[PDB]
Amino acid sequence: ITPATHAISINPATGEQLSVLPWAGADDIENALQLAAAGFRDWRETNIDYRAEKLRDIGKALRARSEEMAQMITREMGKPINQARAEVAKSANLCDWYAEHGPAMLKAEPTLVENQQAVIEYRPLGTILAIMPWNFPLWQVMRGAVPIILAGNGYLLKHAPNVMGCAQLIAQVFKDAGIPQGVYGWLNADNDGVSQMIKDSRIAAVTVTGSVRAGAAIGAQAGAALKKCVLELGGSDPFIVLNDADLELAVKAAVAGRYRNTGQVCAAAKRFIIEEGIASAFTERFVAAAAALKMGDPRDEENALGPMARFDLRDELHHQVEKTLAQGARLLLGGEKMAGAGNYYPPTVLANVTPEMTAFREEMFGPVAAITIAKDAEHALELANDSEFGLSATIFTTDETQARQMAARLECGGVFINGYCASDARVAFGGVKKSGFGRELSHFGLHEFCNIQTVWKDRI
């Protein structure tokens, strides 16, 4: 057993090894690609209304294993159990939502060509290779798999190596739903196996949810293979609070946005940018509220935070904290690794964070808030856009006109005005800059992996 030969699951609350799974071999890869190719060949011929009904079947099979799934999520990566349950319910509802609204988004599109000669058809592309992360082991898979399969594609999952118990359980749910094994499939492939599949003609495109470094490594290969990719990568979302904000609501949303899933959220509020007049009141309220978050065993529902998922990533997070403190930030809360067998890092708040500091320029993928003072709203917008990332953003202010104007100038894919940032089937998700490109959910996730095909009759 070694990370060079096996995927390994470890409980981050206890440090105990849970399972191992060897990398797929040459024959496993070939068999997966044959099954995927055969599955897509038949699935692409099915009726759209039949596929919608199969989505409802997926939702039912998932709910039927909802607690088994939630406990597996919590066990493998440390998520508080009620958050894992909420992840299951949101994933199941996504099946029903696309079942109801998806088919109409795939209807032929008329054009302005005379005599109704030309229409746009949304054709399936093929089998989509999907590379997914551990922070939402179910939702991240379902977010793409549901629309991708509804559009008549196949989906081939390469999951993160620390949640292969989750991966096998998801496959069992799709099996329970009667989804053919070619249509939803999966492989415990190492990175070289991923490389081989991208080069294989039976993979039509790639979708990646992960870090910036993974997106660049995989995106380069997809381009070299002339395969389209969607990259949903890291974020360092700004959370702007102006002097006229609803301060109580802003702090509630600020705390929820930073510390949900023990801070391990792509679109988490990570860089708090507070106008000078309200900064002292915001900072004091935010520290007190963050300090009231209980942390411990994620099977105990009194805990708002669990351990972080990966011991090496807690080390990396603490290193970023220490560098930021050494650069001149002030420690207001937390900021030390909990001793013991568990991978615990307490709610942490860093103040006097300047744009030159590590916690302002890197993704802080854990329960570490950075607080930066803005001279005014113009400064707050400049601070917000001064980032390699560009996934999402929040603005708190009672001047809705100003909020709308700032939203137009924020370099990110989502802007929440006076509310709680989240993903939702009804709206687009995805960012700009090093957060990547392409859009998921709504009709965007349905169309990203369609062959958009012009059919033009009698052009004479």
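When you see a residue number, it is the position in the sequence shown, counting from 1.
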Report task. Read off the CA B-factors in the entry, average them over 339-347 and over 133-141, and name the higher stretch. Result -> 339-347
Query - Mean Cα B-factor comparison, 423-431 or 394-402, giving the higher one as deposited - result: 394-402
Report summary line: When the entry's CA B-factors for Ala377, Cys166, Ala369, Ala289 are compared, the highest one belongs to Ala377
Query raised in the report: With respect to C-alpha B-factor, does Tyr122 fall in the lowest, middle or highest third of the chain as deposited?
Result: middle
Requested in this report: Among all modelled residues of this chain, ranked by Cα B factor, put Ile58 in the bottom, middle or top third, i.e. lowest, middle or highest.
Outcome: middle
Report task. Give the position of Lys107 by CA B-factor within its chain, expressed as the lowest, middle or highest third. Result -> highest
Report task. Compare the C-alpha B factor of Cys450 with those of the other modelled residues in its chain, then answer lowest, middle or highest third. Result -> lowest
**Report entry** Assigned third (lowest, middle, highest) for the C-alpha B factor of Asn418
**Finding:** lowest
